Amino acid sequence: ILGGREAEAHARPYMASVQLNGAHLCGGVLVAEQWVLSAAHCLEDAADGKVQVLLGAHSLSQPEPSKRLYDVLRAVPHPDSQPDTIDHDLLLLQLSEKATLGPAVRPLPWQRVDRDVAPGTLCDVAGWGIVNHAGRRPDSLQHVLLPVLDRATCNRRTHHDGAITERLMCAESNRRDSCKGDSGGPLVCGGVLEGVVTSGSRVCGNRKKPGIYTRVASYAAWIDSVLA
């Protein structure tokens, strides 16, 4: 998260760190007792690494009573996701067991009704991704409020050039932005999960290249079907 602030410890009890070989790789969101939603691009290149999900965390390194590391039983990428596109970039991770629910570990309800978030609406984005242009990685969870950008402006030639489908939304990226290591984490509007961070492009914090988020409501039938 560029241009954000440290979050309040455990105020986002849905927040998950998706880990490869003991290190934070991607954000994720606890959406049911046994399932975490993240981005499909995260698991390309996992190949024989230890894939785990850290729940109940604030600091990645320091000990905390609520922190617990879970193994993944099953990972289900959306079947139309591909490494060279930004489309359908969702991943569902089934934990080895039901997560232990508590003040610091709780699922976040997600939008099932396919309606665009209105432009200008401020949405909360959180993660352990990099926090500046010198590559600094934070120890503790960061967050930022970003205004939703309307799809037609997002789709102009100077911005993302028709790439933003009805299944994607954008937010302003002017010095405040999701960045490397925030992928798969939550965009929350009205207290509900509306988006999952994705990227087509390496650039962060450039007004001309808005952040892109996969609209979970757009995949509501697929999500339900995998959760059953």
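By rigid core we mean the largest C-alpha set that fits within 1.5 Å across both forms. The numbering used is simple: start at 1 and walk along the sequence shown.
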Fill in the blank from the handout: Core superposition done, the stretch whose Cα atoms deviate more in 7 other deposited structures of this protein, picking from 199 to 207 and 182 to 190, is 199 to 207
Fill in the blank from the handout: Once average C-alpha B-factors are taken from the entry for 10 to 18 and 207 to 215, the winner is 207 to 215
Fill in the blank from the handout: Taking the deposited Cα B-factors and averaging over 46 to 54 and over 176 to 184, the higher mean is found in 46 to 54
Problem - From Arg112, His143, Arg157, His88, residue of greatest CA B-factor - result: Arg157
Problem - Residue with maximal Cα B-factor (values as given in the PDB entry) among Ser201, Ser59, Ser38, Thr165 - result: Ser201
Problem - Chain third (lowest, middle, highest) by recorded CA B-factor, residue given as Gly190 - result: middle
Fill in the blank from the handout: The third of the chain into which the C-alpha temperature factor of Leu149 falls is the highest
Practice task
Among all modelled residues of this chain, ranked by Cα B factor, put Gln94 in the bottom, middle or top third, i.e. lowest, middle or highest.
Solution key: middle
Exercise for the section: Comparing against every modelled residue in the chain, figure out the third that the C-alpha B-factor of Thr100 lands in (lowest, middle or highest). Expected result: highest
